[PDB]
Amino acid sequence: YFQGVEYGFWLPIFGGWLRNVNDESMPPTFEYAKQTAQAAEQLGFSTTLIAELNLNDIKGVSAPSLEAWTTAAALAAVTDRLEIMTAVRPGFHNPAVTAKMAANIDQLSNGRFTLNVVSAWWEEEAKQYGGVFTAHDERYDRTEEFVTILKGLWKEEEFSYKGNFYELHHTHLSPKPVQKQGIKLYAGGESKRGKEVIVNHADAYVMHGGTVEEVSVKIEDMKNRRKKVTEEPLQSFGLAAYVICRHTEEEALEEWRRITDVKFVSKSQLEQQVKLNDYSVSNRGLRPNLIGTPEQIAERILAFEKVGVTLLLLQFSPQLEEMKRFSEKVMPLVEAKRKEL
């Protein structure tokens, strides 16, 4: 078939992606986000993920950062085909207001609004922004309720709910989303409890960076669990990755050295410096190893596609320029290699 991996990108909302570099020529403005998003649509990217944080965890708590939900709404209004996946943390949100905001954006975008339900917690951010803390055990319980409420409000003419964290009586919501089965819910999480929520309540699974072998195991495990459960198959498997594409491997590696200088180490040492890689680039972006020539990156993308990855959630820096490079040099090679016999 003509039906392979989708290319998604993280919407640049923090003024850059790199903890170790100061200026990446990525202004933290809506204009830059919009420009990047409108170009991505021309270049073959199908989806953007908009992270939700009240504080800039790449450049520092006092560094400027765009707000997720209002950025999503504004971006929906100025795009026409991009899927706009927006992160939501239950502890910073009221589920009934959120279900309404969500339907509204889905309506004004004609069906392009989706959610990434995040149950991670940054304590410092919670204390600054009035997050409701839940004990680590009970955190995924809250997510469960929150998500049950969203789905109910999107489906039912009248919805009531009684649980441990929320209570609603005869709530009406109109209009409903454009998406006929509710707004698509992506979700991630590594814990046993976290994975139960994905399995039982999410429409799709997203993960942070891993090797092709690690990702294969997680996708296969997850597919198996999901068969033992009364929902339809998971609709996507998303992998976070940071891409360094250069004409030669050696130039790629020199960029890798640059972005991991804390603000000549060899290939093998770069590949083994896990702690520093993780610090230097969020979501374990470097671990998928999309670092090299277009040829190498294309082969590697294809290996991820074979073990079940259906969507890449890519970061680049400087973002707009590096996305253009990726569309021109990597994408045609992925197509060609998939058609090879």
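Numbers for residues come from their place in the sequence shown, where the first is 1.
Trainee: According to the entry, how many residues of the deposited sequence fall between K263 and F264 and are not modelled? Options: none, 1 to 3, 4 to 9, 10 or more.
Mentor: Unresolved stretch here: 10 or more residues.
Trainee: With reference to the PDB entry, specify whether the mean Cα temperature factor is higher for 193-201 or for 99-107.
Mentor: For C-alpha atoms only, the mean B-factor is higher in 193-201.
Trainee: Per the PDB record, is the mean Cα temperature factor higher over 116-124 or over 81-89?
Mentor: 116-124 has the higher mean C-alpha B-factor.
Trainee: Looking at the C-alpha B-factor values in the deposited entry, which of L333, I13, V21, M323 comes out highest?
Mentor: Highest C-alpha B-factor among the listed options: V21.
Trainee: Out of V178, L185, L168, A73, which shows the largest CA B-factor listed in the entry?
Mentor: It is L168.
Trainee: Determine, from the deposited record, the chain-internal third of the Cα B-factor for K275: lowest, middle or highest.
Mentor: For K275, whose C-alpha B-factor we compare with every modelled residue in the chain, the answer is the highest third.
Trainee: Quick check for you: using the entry's CA B-factors within this chain, is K306 in the lowest, middle or highest third?
Mentor: Within its chain, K306 is a highest-third residue by C-alpha B-factor, going by the deposited values.
Trainee: Looking at the C-alpha B-factor of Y129, is it in the lowest, middle or highest third of its chain?
Mentor: Middle third.
Trainee: Rank-wise, by C-alpha B-factor, drop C245 into the lowest, middle or highest third of its chain.
Mentor: Middle third.
Trainee: Tell me, lowest, middle or highest third: where does the Cα B factor of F237 rank within its chain?
Mentor: Answer is lowest: the recorded C-alpha B-factor places it there.
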